[PDB]
$ cat upload.pdb   # PDB, C-alpha atoms and all ligand atoms
ATOM      1  CA  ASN I   1     -40.660 -13.520  44.452
ATOM      2  CA  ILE I   2     -43.436 -13.038  41.921
ATOM      3  CA  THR I   3     -45.855 -10.173  42.486
ATOM      4  CA  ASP I   4     -49.162 -10.847  40.754
ATOM      5  CA  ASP I   5     -49.837  -7.151  40.106
ATOM      6  CA  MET I   6     -46.502  -6.495  38.384
ATOM      7  CA  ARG I   7     -44.750  -8.695  35.812
ATOM      8  CA  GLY I   8     -41.417 -10.450  35.635
ATOM      9  CA  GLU I   9     -39.342  -8.967  32.824
ATOM     10  CA  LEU I  10     -37.296 -12.177  32.454
ATOM     11  CA  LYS I  11     -38.371 -15.588  31.198
ATOM     12  CA  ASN I  12     -36.339 -18.714  31.903
ATOM     13  CA  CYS I  13     -36.619 -20.630  28.630
ATOM     14  CA  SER I  14     -35.393 -24.174  28.018
ATOM     15  CA  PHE I  15     -35.061 -25.620  24.529
ATOM     16  CA  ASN I  16     -33.438 -28.298  22.417
ATOM     17  CA  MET I  17     -30.130 -27.107  21.007
ATOM     18  CA  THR I  18     -28.229 -28.901  18.274
ATOM     19  CA  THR I  19     -24.775 -29.923  19.449
ATOM     20  CA  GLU I  20     -21.535 -29.884  17.457
ATOM     21  CA  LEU I  21     -22.423 -33.403  16.308
ATOM     22  CA  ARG I  22     -25.291 -33.652  13.846
ATOM     23  CA  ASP I  23     -26.615 -36.778  15.591
ATOM     24  CA  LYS I  24     -27.009 -35.650  19.198
ATOM     25  CA  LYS I  25     -29.044 -32.739  20.520
ATOM     26  CA  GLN I  26     -28.977 -31.345  24.051
ATOM     27  CA  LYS I  27     -31.342 -29.505  26.381
ATOM     28  CA  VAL I  28     -30.182 -26.050  27.435
ATOM     29  CA  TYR I  29     -31.814 -23.104  29.186
ATOM     30  CA  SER I  30     -31.360 -19.357  28.912
ATOM     31  CA  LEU I  31     -32.889 -16.104  30.125
ATOM     32  CA  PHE I  32     -34.725 -13.800  27.739
ATOM     33  CA  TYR I  33     -36.731 -10.621  28.120
ATOM     34  CA  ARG I  34     -40.471 -10.229  27.615
ATOM     35  CA  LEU I  35     -39.793  -7.949  24.635
ATOM     36  CA  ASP I  36     -37.845 -10.624  22.735
ATOM     37  CA  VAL I  37     -40.211 -13.615  23.021
ATOM     38  CA  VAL I  38     -43.880 -14.057  22.153
ATOM     39  CA  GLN I  39     -46.273 -16.837  23.080
ATOM     40  CA  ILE I  40     -47.476 -19.081  20.262
ATOM     41  CA  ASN I  41     -50.852 -20.782  20.661
ATOM     42  CA  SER I  42     -52.006 -25.860  29.673
ATOM     43  CA  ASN I  43     -48.533 -25.798  28.152
TER      44      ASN I  43
ATOM     45  CA  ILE B   1      20.686  -4.818 -17.454
ATOM     46  CA  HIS B   2      23.930  -4.416 -15.530
ATOM     47  CA  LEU B   3      24.821  -1.259 -13.628
ATOM     48  CA  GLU B   4      28.493  -0.280 -13.569
ATOM     49  CA  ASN B   5      30.348   1.382 -10.659
ATOM     50  CA  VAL B   6      27.400   1.188  -8.263
ATOM     51  CA  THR B   7      27.179  -0.133  -4.700
ATOM     52  CA  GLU B   8      24.017  -0.485  -2.612
ATOM     53  CA  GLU B   9      23.723  -2.000   0.853
ATOM     54  CA  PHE B  10      21.168  -4.802   1.124
ATOM     55  CA  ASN B  11      19.462  -6.543   4.035
ATOM     56  CA  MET B  12      17.255  -9.594   3.536
ATOM     57  CA  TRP B  13      16.187  -9.524   7.197
ATOM     58  CA  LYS B  14      14.681  -6.036   7.261
ATOM     59  CA  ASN B  15      13.576  -6.536   3.651
ATOM     60  CA  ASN B  16      10.040  -5.889   2.531
ATOM     61  CA  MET B  17       8.147  -7.966  -0.130
ATOM     62  CA  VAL B  18       8.696 -11.185   1.784
ATOM     63  CA  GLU B  19       5.911  -9.802   3.967
ATOM     64  CA  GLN B  20       3.978  -9.062   0.770
ATOM     65  CA  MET B  21       4.584 -12.527  -0.678
ATOM     66  CA  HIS B  22       3.663 -14.178   2.637
ATOM     67  CA  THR B  23       0.409 -12.187   2.903
ATOM     68  CA  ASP B  24      -0.455 -12.725  -0.770
ATOM     69  CA  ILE B  25       0.153 -16.483  -0.697
ATOM     70  CA  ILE B  26      -1.939 -16.837   2.476
ATOM     71  CA  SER B  27      -4.810 -14.795   1.008
ATOM     72  CA  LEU B  28      -4.530 -16.554  -2.360
ATOM     73  CA  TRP B  29      -4.603 -19.895  -0.545
ATOM     74  CA  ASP B  30      -7.821 -18.752   1.128
ATOM     75  CA  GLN B  31      -9.437 -17.465  -2.079
ATOM     76  CA  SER B  32      -9.271 -20.888  -3.783
ATOM     77  CA  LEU B  33     -11.602 -22.321  -1.112
ATOM     78  CA  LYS B  34     -14.766 -20.203  -1.348
ATOM     79  CA  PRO B  35     -16.319 -22.303  -4.194
ATOM     80  CA  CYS B  36     -15.391 -25.509  -2.338
ATOM     81  CA  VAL B  37     -17.479 -27.817  -0.140
ATOM     82  CA  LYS B  38     -17.888 -27.359   3.616
ATOM     83  CA  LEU B  39     -18.031 -30.559   5.690
ATOM     84  CA  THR B  40     -20.900 -29.428   7.884
ATOM     85  CA  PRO B  41     -22.903 -32.724   7.561
ATOM     86  CA  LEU B  42     -19.835 -34.876   8.201
ATOM     87  CA  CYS B  43     -19.260 -33.812  11.809
ATOM     88  CA  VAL B  44     -21.112 -36.903  12.995
ATOM     89  CA  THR B  45     -20.613 -39.968  15.215
ATOM     90  CA  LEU B  46     -18.116 -42.299  13.542
ATOM     91  CA  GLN B  47     -18.395 -45.983  14.464
ATOM     92  CA  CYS B  48     -14.789 -46.994  13.829
ATOM     93  CA  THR B  49     -13.299 -50.480  13.809
ATOM     94  CA  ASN B  50      -9.841 -51.616  12.759
ATOM     95  CA  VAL B  51      -8.890 -52.033   9.128
ATOM     96  CA  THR B  52      -8.992 -55.600   7.818
ATOM     97  CA  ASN B  53      -5.339 -56.495   8.405
TER      98      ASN B  53
ATOM     99  CA  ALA M   1      29.263  14.232 -25.581
ATOM    100  CA  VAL M   2      27.604  11.427 -27.542
ATOM    101  CA  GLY M   3      29.272   8.970 -29.903
ATOM    102  CA  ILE M   4      28.675   5.925 -32.062
ATOM    103  CA  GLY M   5      27.976   2.731 -30.126
ATOM    104  CA  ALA M   6      25.598  -0.172 -30.636
ATOM    105  CA  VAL M   7      24.804  -1.304 -27.060
ATOM    106  CA  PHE M   8      21.228  -0.859 -25.792
ATOM    107  CA  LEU M   9      21.803   2.183 -23.480
ATOM    108  CA  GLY M  10      18.864   1.347 -21.267
ATOM    109  CA  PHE M  11      17.026   2.383 -18.123
ATOM    110  CA  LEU M  12      19.350   3.256 -15.201
ATOM    111  CA  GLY M  13      22.308   2.206 -17.345
ATOM    112  CA  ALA M  14      24.418   5.256 -16.476
ATOM    113  CA  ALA M  15      23.454   5.423 -12.795
ATOM    114  CA  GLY M  16      27.070   4.819 -11.788
ATOM    115  CA  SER M  17      28.611   6.974 -14.486
ATOM    116  CA  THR M  18      29.607  10.535 -13.638
ATOM    117  CA  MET M  19      26.840  13.113 -13.791
ATOM    118  CA  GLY M  20      28.402  14.826 -16.797
ATOM    119  CA  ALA M  21      27.906  11.533 -18.651
ATOM    120  CA  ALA M  22      24.510  10.442 -17.330
ATOM    121  CA  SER M  23      23.120  13.783 -18.536
ATOM    122  CA  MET M  24      23.532  12.656 -22.152
ATOM    123  CA  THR M  25      21.011   9.859 -21.452
ATOM    124  CA  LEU M  26      18.054  11.428 -19.647
ATOM    125  CA  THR M  27      15.257  10.691 -22.117
ATOM    126  CA  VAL M  28      15.611   6.987 -21.278
ATOM    127  CA  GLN M  29      14.696   7.373 -17.611
ATOM    128  CA  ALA M  30      12.056   9.918 -18.622
ATOM    129  CA  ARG M  31      10.543   7.399 -21.056
ATOM    130  CA  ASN M  32      10.657   4.387 -18.718
ATOM    131  CA  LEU M  33       8.899   6.185 -15.873
ATOM    132  CA  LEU M  34       5.230   6.199 -16.936
ATOM    133  CA  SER M  35       4.211   3.203 -19.061
ATOM    134  CA  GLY M  36       6.054   0.646 -16.924
ATOM    135  CA  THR M  37     -11.162 -10.965  -8.892
ATOM    136  CA  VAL M  38      -9.691  -8.599  -6.295
ATOM    137  CA  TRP M  39      -6.141  -7.992  -7.649
ATOM    138  CA  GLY M  40      -7.412  -5.478 -10.210
ATOM    139  CA  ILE M  41      -7.788  -3.041  -7.307
ATOM    140  CA  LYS M  42      -4.100  -3.453  -6.385
ATOM    141  CA  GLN M  43      -2.947  -3.122 -10.009
ATOM    142  CA  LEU M  44      -5.275  -0.159 -10.487
ATOM    143  CA  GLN M  45      -4.064   1.758  -7.439
ATOM    144  CA  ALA M  46      -0.462   1.080  -8.494
ATOM    145  CA  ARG M  47      -1.230   2.580 -11.915
ATOM    146  CA  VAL M  48      -2.900   5.661 -10.460
ATOM    147  CA  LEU M  49       0.048   6.089  -8.067
ATOM    148  CA  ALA M  50       2.319   6.043 -11.127
ATOM    149  CA  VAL M  51       0.327   8.668 -13.026
ATOM    150  CA  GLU M  52      -0.071  10.788  -9.868
ATOM    151  CA  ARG M  53       3.699  10.814  -9.307
ATOM    152  CA  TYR M  54       4.284  11.722 -12.965
ATOM    153  CA  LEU M  55       1.764  14.577 -12.727
ATOM    154  CA  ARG M  56       3.360  15.876  -9.507
ATOM    155  CA  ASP M  57       6.792  15.974 -11.138
ATOM    156  CA  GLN M  58       5.448  17.625 -14.307
ATOM    157  CA  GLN M  59       3.647  20.173 -12.122
ATOM    158  CA  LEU M  60       6.866  20.976 -10.249
ATOM    159  CA  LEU M  61       8.515  21.542 -13.634
ATOM    160  CA  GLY M  62       5.587  23.504 -15.071
ATOM    161  CA  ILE M  63       5.482  26.164 -12.348
ATOM    162  CA  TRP M  64       9.169  26.772 -13.101
ATOM    163  CA  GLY M  65      10.624  27.958 -16.393
ATOM    164  CA  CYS M  66      10.777  24.615 -18.185
ATOM    165  CA  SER M  67       7.604  22.690 -18.991
ATOM    166  CA  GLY M  68       8.941  20.279 -21.614
ATOM    167  CA  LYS M  69      12.592  21.199 -22.067
ATOM    168  CA  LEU M  70      14.051  18.327 -19.920
ATOM    169  CA  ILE M  71      17.185  20.538 -19.517
ATOM    170  CA  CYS M  72      16.392  24.050 -18.375
ATOM    171  CA  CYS M  73      18.328  26.984 -16.982
ATOM    172  CA  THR M  74      17.057  29.624 -14.562
ATOM    173  CA  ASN M  75      17.890  32.947 -12.942
ATOM    174  CA  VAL M  76      18.698  31.988  -9.343
ATOM    175  CA  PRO M  77      22.448  31.779  -8.675
ATOM    176  CA  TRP M  78      24.150  28.859  -6.973
ATOM    177  CA  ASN M  79      24.665  29.844  -3.345
ATOM    178  CA  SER M  80      28.129  28.544  -2.507
ATOM    179  CA  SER M  81      27.090  27.849   1.086
ATOM    180  CA  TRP M  82      25.129  24.885  -0.298
ATOM    181  CA  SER M  83      27.872  22.670  -1.723
ATOM    182  CA  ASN M  84      31.122  24.802  -1.468
ATOM    183  CA  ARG M  85      32.900  22.710  -4.124
ATOM    184  CA  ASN M  86      34.357  23.366  -7.560
ATOM    185  CA  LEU M  87      32.552  23.018 -10.887
ATOM    186  CA  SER M  88      35.243  20.663 -12.192
ATOM    187  CA  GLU M  89      34.755  18.202  -9.317
ATOM    188  CA  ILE M  90      31.036  17.560  -9.874
ATOM    189  CA  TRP M  91      30.597  16.913 -13.613
ATOM    190  CA  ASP M  92      33.698  14.714 -13.885
ATOM    191  CA  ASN M  93      33.944  13.196 -10.397
ATOM    192  CA  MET M  94      30.611  12.344  -8.759
ATOM    193  CA  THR M  95      27.344  10.630  -9.671
ATOM    194  CA  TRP M  96      23.721  11.591  -9.114
ATOM    195  CA  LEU M  97      23.429   8.939  -6.380
ATOM    196  CA  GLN M  98      26.266  10.728  -4.556
ATOM    197  CA  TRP M  99      25.189  14.286  -5.417
ATOM    198  CA  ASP M 100      21.682  13.509  -4.124
ATOM    199  CA  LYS M 101      22.965  13.036  -0.572
ATOM    200  CA  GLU M 102      25.133  16.156  -0.594
ATOM    201  CA  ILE M 103      22.261  18.605  -1.232
ATOM    202  CA  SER M 104      19.346  16.660   0.259
ATOM    203  CA  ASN M 105      19.517  18.934   3.302
ATOM    204  CA  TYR M 106      19.595  22.051   1.105
ATOM    205  CA  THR M 107      16.703  20.730  -0.990
ATOM    206  CA  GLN M 108      13.315  22.552  -0.508
ATOM    207  CA  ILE M 109      15.296  25.703   0.164
ATOM    208  CA  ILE M 110      16.109  25.723  -3.558
ATOM    209  CA  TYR M 111      12.585  24.946  -4.799
ATOM    210  CA  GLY M 112      11.026  27.958  -3.088
ATOM    211  CA  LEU M 113      13.660  30.167  -4.705
ATOM    212  CA  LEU M 114      12.845  28.582  -8.069
ATOM    213  CA  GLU M 115       9.125  29.345  -7.685
ATOM    214  CA  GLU M 116       9.932  32.848  -6.392
ATOM    215  CA  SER M 117      12.169  33.648  -9.359
ATOM    216  CA  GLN M 118       9.635  32.234 -11.811
ATOM    217  CA  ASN M 119       6.761  34.252 -10.311
ATOM    218  CA  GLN M 120       8.922  37.398 -10.357
ATOM    219  CA  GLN M 121       9.898  36.742 -13.979
ATOM    220  CA  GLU M 122       6.233  36.207 -14.915
ATOM    221  CA  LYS M 123       5.186  39.506 -13.340
ATOM    222  CA  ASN M 124       8.162  41.295 -14.949
ATOM    223  CA  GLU M 125       7.132  39.844 -18.321
ATOM    224  CA  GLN M 126       3.522  40.930 -17.744
ATOM    225  CA  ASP M 127       4.634  44.471 -16.864
ATOM    226  CA  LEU M 128       6.992  44.594 -19.873
ATOM    227  CA  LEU M 129       4.129  43.611 -22.174
ATOM    228  CA  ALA M 130       1.889  46.092 -20.332
ATOM    229  CA  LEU M 131       4.135  49.123 -20.828
ATOM    230  CA  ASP M 132       4.146  48.492 -24.599
TER     231      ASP M 132
HETATM  232  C1  LIG O 201     -45.694 -17.158  35.892
HETATM  233  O1  LIG O 201     -46.041 -16.370  34.734
HETATM  234  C2  LIG O 201     -47.441 -16.397  34.414
HETATM  235  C3  LIG O 201     -47.604 -15.626  33.125
HETATM  236  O2  LIG O 201     -47.185 -16.396  32.006
HETATM  237  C4  LIG O 201     -48.252 -15.820  35.575
HETATM  238  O3  LIG O 201     -49.639 -15.910  35.267
HETATM  239  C5  LIG O 201     -50.315 -14.637  35.428
HETATM  240  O4  LIG O 201     -49.423 -13.553  35.805
HETATM  241  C6  LIG O 201     -50.066 -12.278  35.963
HETATM  242  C7  LIG O 201     -48.978 -11.280  36.287
HETATM  243  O5  LIG O 201     -47.745 -11.930  36.563
HETATM  244  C8  LIG O 201     -51.135 -12.369  37.050
HETATM  245  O6  LIG O 201     -51.817 -11.123  37.144
HETATM  246  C9  LIG O 201     -52.125 -13.483  36.729
HETATM  247  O7  LIG O 201     -53.048 -13.635  37.802
HETATM  248  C10 LIG O 201     -51.398 -14.807  36.496
HETATM  249  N1  LIG O 201     -52.339 -15.847  36.114
HETATM  250  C11 LIG O 201     -52.874 -16.702  36.989
HETATM  251  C12 LIG O 201     -53.823 -17.713  36.422
HETATM  252  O8  LIG O 201     -52.605 -16.660  38.185
HETATM  253  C13 LIG O 201     -47.950 -16.578  36.862
HETATM  254  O9  LIG O 201     -48.596 -15.958  37.968
HETATM  255  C14 LIG O 201     -46.441 -16.623  37.122
HETATM  256  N2  LIG O 201     -46.123 -17.357  38.344
HETATM  257  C15 LIG O 201     -46.327 -18.666  38.589
HETATM  258  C16 LIG O 201     -45.889 -19.144  39.940
HETATM  259  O10 LIG O 201     -46.847 -19.431  37.775
HETATM  260  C1  LIG O 202     -36.248 -31.296  23.958
HETATM  261  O1  LIG O 202     -36.347 -32.540  23.298
HETATM  262  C2  LIG O 202     -37.085 -33.533  24.021
HETATM  263  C3  LIG O 202     -36.940 -34.819  23.245
HETATM  264  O2  LIG O 202     -36.974 -34.578  21.844
HETATM  265  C4  LIG O 202     -38.535 -33.087  24.191
HETATM  266  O3  LIG O 202     -39.180 -34.029  25.044
HETATM  267  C5  LIG O 202     -40.392 -34.558  24.474
HETATM  268  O4  LIG O 202     -41.557 -33.748  24.741
HETATM  269  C6  LIG O 202     -42.787 -34.275  24.216
HETATM  270  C7  LIG O 202     -43.868 -33.274  24.551
HETATM  271  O5  LIG O 202     -43.998 -33.106  25.955
HETATM  272  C8  LIG O 202     -43.056 -35.661  24.803
HETATM  273  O6  LIG O 202     -44.225 -36.205  24.202
HETATM  274  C9  LIG O 202     -41.866 -36.580  24.556
HETATM  275  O7  LIG O 202     -42.066 -37.827  25.210
HETATM  276  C10 LIG O 202     -40.582 -35.943  25.082
HETATM  277  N1  LIG O 202     -39.437 -36.795  24.806
HETATM  278  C11 LIG O 202     -38.472 -37.026  25.702
HETATM  279  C12 LIG O 202     -37.362 -37.928  25.254
HETATM  280  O8  LIG O 202     -38.497 -36.530  26.824
HETATM  281  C13 LIG O 202     -38.600 -31.710  24.845
HETATM  282  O9  LIG O 202     -39.932 -31.208  24.795
HETATM  283  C14 LIG O 202     -37.666 -30.702  24.161
HETATM  284  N2  LIG O 202     -37.661 -29.418  24.857
HETATM  285  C15 LIG O 202     -37.257 -29.182  26.119
HETATM  286  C16 LIG O 202     -37.397 -27.769  26.584
HETATM  287  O10 LIG O 202     -36.789 -30.055  26.852
HETATM  288  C1  LIG O 203     -14.628 -51.592   6.150
HETATM  289  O1  LIG O 203     -15.818 -51.998   6.808
HETATM  290  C2  LIG O 203     -16.899 -52.336   5.930
HETATM  291  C3  LIG O 203     -18.097 -52.599   6.815
HETATM  292  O2  LIG O 203     -18.654 -51.388   7.308
HETATM  293  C4  LIG O 203     -16.498 -53.530   5.068
HETATM  294  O3  LIG O 203     -17.518 -53.762   4.103
HETATM  295  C5  LIG O 203     -18.038 -55.109   4.162
HETATM  296  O4  LIG O 203     -17.049 -56.127   3.887
HETATM  297  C6  LIG O 203     -17.563 -57.468   3.940
HETATM  298  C7  LIG O 203     -16.394 -58.393   3.699
HETATM  299  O5  LIG O 203     -16.153 -58.568   2.309
HETATM  300  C8  LIG O 203     -18.686 -57.644   2.916
HETATM  301  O6  LIG O 203     -19.243 -58.946   3.044
HETATM  302  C9  LIG O 203     -19.768 -56.590   3.128
HETATM  303  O7  LIG O 203     -20.744 -56.681   2.098
HETATM  304  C10 LIG O 203     -19.157 -55.191   3.129
HETATM  305  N1  LIG O 203     -20.176 -54.185   3.378
HETATM  306  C11 LIG O 203     -20.239 -53.035   2.700
HETATM  307  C12 LIG O 203     -21.348 -52.104   3.083
HETATM  308  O8  LIG O 203     -19.436 -52.760   1.814
HETATM  309  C13 LIG O 203     -15.196 -53.234   4.330
HETATM  310  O9  LIG O 203     -14.742 -54.407   3.663
HETATM  311  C14 LIG O 203     -14.104 -52.738   5.280
HETATM  312  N2  LIG O 203     -12.933 -52.322   4.526
HETATM  313  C15 LIG O 203     -11.688 -52.365   5.013
HETATM  314  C16 LIG O 203     -10.606 -51.896   4.090
HETATM  315  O10 LIG O 203     -11.448 -52.757   6.148
HETATM  316  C1  LIG O 204      22.116  18.261   6.819
HETATM  317  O1  LIG O 204      21.883  17.932   8.216
HETATM  318  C2  LIG O 204      22.607  16.808   8.728
HETATM  319  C3  LIG O 204      22.139  16.596  10.149
HETATM  320  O2  LIG O 204      22.279  17.777  10.926
HETATM  321  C4  LIG O 204      24.093  17.110   8.634
HETATM  322  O3  LIG O 204      24.825  16.000   9.138
HETATM  323  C5  LIG O 204      24.460  17.362   7.180
HETATM  324  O4  LIG O 204      25.844  17.684   7.096
HETATM  325  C6  LIG O 204      23.623  18.499   6.578
HETATM  326  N1  LIG O 204      23.894  18.612   5.155
HETATM  327  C7  LIG O 204      24.918  19.301   4.649
HETATM  328  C8  LIG O 204      25.047  19.281   3.159
HETATM  329  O5  LIG O 204      25.709  19.907   5.362
END

$ encode --input "upload.pdb" --output "structure tokens" --more "lines below"
Ligand SMILES: *[C@@H]1O[C@H](CO)[C@@H](O[C@@H]2O[C@H](CO)[C@@H](O)[C@H](O)[C@H]2NC(C)=O)[C@H](O)[C@H]1NC(C)=O
Ligand SMILES: *[C@@H]1O[C@H](CO)[C@@H](O[C@@H]2O[C@H](CO)[C@@H](O)[C@H](O)[C@H]2NC(C)=O)[C@H](O)[C@H]1NC(C)=O
Ligand SMILES: *[C@@H]1O[C@H](CO)[C@@H](O[C@@H]2O[C@H](CO)[C@@H](O)[C@H](O)[C@H]2NC(C)=O)[C@H](O)[C@H]1NC(C)=O
Ligand SMILES: *[C@@H]1O[C@H](CO)[C@@H](O)[C@H](O)[C@H]1NC(C)=O
Amino acid sequence: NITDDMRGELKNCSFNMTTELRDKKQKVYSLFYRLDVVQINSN
Amino acid sequence: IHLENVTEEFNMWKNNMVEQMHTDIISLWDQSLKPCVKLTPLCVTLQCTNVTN
Amino acid sequence: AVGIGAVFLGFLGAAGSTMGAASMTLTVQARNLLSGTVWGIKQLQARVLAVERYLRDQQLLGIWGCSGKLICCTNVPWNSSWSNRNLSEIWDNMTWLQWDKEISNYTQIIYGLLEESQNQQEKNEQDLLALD
């Protein structure tokens, strides 16, 4: 339940991760804090 | 040199220095691998068929 | 008690001989006691353990009467409660490997008496020089 005045301190981040095989990559998600990720400059 | 009129009790099972030789040969086996080549790029999909036979 | 013989007479050669006969070869075990990318640390700590043990033994000698005699006599008498056996049945009967076990319990009682007698003899010598 997002409150627009406050901020969520967790971001649900999905990304490509390399698998144990050097051919195939997978898509995996994780949870990070606001203090560990920064937005690079829609999407 | 030979020792006359002496008697010591031995035990190969509670002996030391088989532990030392085991540890040293394991570690010395490991230390001849640090200059060598890791097969990181070879973990890859292998399309395998039978040998020509 | 030494004679003419051509054999090598080496380190721990008279370990099984009686202790009146291994005493005639004590400079051999005294001689062969000191000189002998990661493994240099193991060799190096073995060498410093060797010189540390040699220094500890020479320090135990040096705070007693003899510092380089290798056979020395002192002024504490043999308490007969320690070994209660004759003089003839040690120097002609037993070995140092067998005499080590028989006074291992009474060891460290003797060493304090050795230091005590040497400190008392040092202060008696200092007073005897001082009265002159
Ligand atoms: C998702 O997160 C974004 C931030 O990346 C939120 O966008 C702003 O959030 C702040 C505080 O959370 C609000 O004060 C702003 O008004 C939001 N911007 C807009 C344009 O509304 C966003 O609200 C979050 N929630 C959703 C459902 O997208
Ligand atoms: C994971 O990898 C996939 C594929 O490499 C990425 O999906 C592409 O995203 C771009 C930008 O939106 C599209 O133009 C491509 O068409 C997409 N390709 C496919 C196969 O879907 C994806 O962005 C990566 N990241 C995540 C979080 O999934
Ligand atoms: C292993 O498989 C390879 C194919 O990947 C074989 O190589 C081919 O052999 C044919 C038959 O002589 C030649 O015409 C091709 O030019 C070869 N290709 C390459 C890239 O060398 C190979 O002979 C097989 N070996 C065994 C032992 O089965
Ligand atoms: C030293 O103590 C042990 C254990 O009490 C004993 O058996 C042994 O006889 C003692 N040593 C001597 C020389 O009596």

$ residues_near_ligand --input "upload.pdb" --ligand "ligand LIG 202 (chain O)" --cutoff "7 Å" --atoms "all atoms listed in the file" --output "VMD selection string"
chain I and resid 14 to 16 27

$ write_last_selection --input "upload.pdb" --atoms "C-alpha atoms" --output "tab-separated table (two decimals), keeping the file's coordinate frame"
chain	number	residue	atom	x	y	z
I	14	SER	CA	-35.39	-24.17	28.02
I	15	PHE	CA	-35.06	-25.62	24.53
I	16	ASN	CA	-33.44	-28.30	22.42
I	27	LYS	CA	-31.34	-29.50	26.38

$ residues_near_ligand --input "upload.pdb" --ligand "ligand LIG 203 (chain O)" --cutoff "10 Å" --atoms "all atoms listed in the file" --output "PyMOL selection string"
chain B and resi 47-53

$ atom_distance --input "upload.pdb" --atom1 "atom CA of residue M:76" --atom2 "atom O3 of ligand LIG 204 (chain O)"
25.2 Å

$ interface_residues --input "upload.pdb" --of "chain B" --to "chain M" --cutoff "6 Å" --atoms "all atoms listed in the file" --output "PyMOL selection string"
chain B and resi 3-6

$ residues_near_ligand --input "upload.pdb" --ligand "ligand LIG 201 (chain O)" --cutoff "7 Å" --atoms "only C-alpha atoms and all ligand atoms" --output "list in words"
residues 2, 3, 4, 5, 6, 7 and 8 of chain I

$ resolve_selection --input "upload.pdb" --expression "the PyMOL selection byres (((chain I and resi 13) around 12) and not hetatm)" --output "VMD selection string"
chain I and resid 10 to 12 14 to 17 27 to 34 36 to 39

$ atom_distance --input "upload.pdb" --atom1 "atom CA of residue M:45" --atom2 "atom CA of residue B:21"
18.0 Å

$ atom_distance --input "upload.pdb" --atom1 "atom CA of residue M:112" --atom2 "atom CA of residue M:73"
15.7 Å

$ residues_around --input "upload.pdb" --residues "residue M:71" --least-positions-apart "3" --cutoff "10 Å" --atoms "all atoms listed in the file" --output "tab-separated table (two decimals) with C-alpha atoms, keeping the file's coordinate frame"
chain	number	residue	atom	x	y	z
M	23	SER	CA	23.12	13.78	-18.54
M	26	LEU	CA	18.05	11.43	-19.65
M	66	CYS	CA	10.78	24.62	-18.18
M	67	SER	CA	7.60	22.69	-18.99
M	68	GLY	CA	8.94	20.28	-21.61

$ residues_near_ligand --input "upload.pdb" --ligand "ligand LIG 204 (chain O)" --cutoff "6 Å" --atoms "all atoms listed in the file" --output "number ranges by chain"
M: 102-103, 105

$ write_last_selection --input "upload.pdb" --atoms "C-alpha atoms" --output "short mmCIF file (atom, residue, chain, number, x, y, z; two decimals), keeping the file's coordinate frame"
data_model
loop_
_atom_site.label_atom_id
_atom_site.label_comp_id
_atom_site.auth_asym_id
_atom_site.auth_seq_id
_atom_site.Cartn_x
_atom_site.Cartn_y
_atom_site.Cartn_z
CA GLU M 102 25.13 16.16 -0.59
CA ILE M 103 22.26 18.60 -1.23
CA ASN M 105 19.52 18.93 3.30
#

$ resolve_selection --input "upload.pdb" --expression "the ChimeraX specification (/B :<9) & /I" --output "PDB file with C-alpha atoms, keeping the file's coordinate frame"
ATOM      1  CA  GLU I  20     -21.535 -29.884  17.457  1.00  0.00           C
ATOM      2  CA  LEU I  21     -22.423 -33.403  16.308  1.00  0.00           C
ATOM      3  CA  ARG I  22     -25.291 -33.652  13.846  1.00  0.00           C
ATOM      4  CA  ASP I  23     -26.615 -36.778  15.591  1.00  0.00           C
ATOM      5  CA  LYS I  24     -27.009 -35.650  19.198  1.00  0.00           C
TER       6      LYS I  24
END

$ residues_around --input "upload.pdb" --residues "stretch 118-129 of chain M" --least-positions-apart "2" --cutoff "12 Å" --atoms "only C-alpha atoms" --output "number ranges by chain"
M: 60-66, 73-76, 111-116, 131-132

$ closest_residue --input "upload.pdb" --among "M:32, M:82, M:47, M:56" --to "residue M:107" --atoms "all atoms listed in the file"
M:82

$ closest_residue --input "upload.pdb" --among "M:98, M:84, M:24, M:7" --to "residue B:2" --atoms "all atoms listed in the file"
M:7

$ axis_aligned_box --input "upload.pdb" --around "stretch 1-18 of chain I" --padding-each-side "8 Å" --output "lines of an AutoDock Vina configuration file"
center_x = -39.0
center_y = -17.7
center_z = 31.4
size_x = 37.6
size_y = 38.4
size_z = 42.2
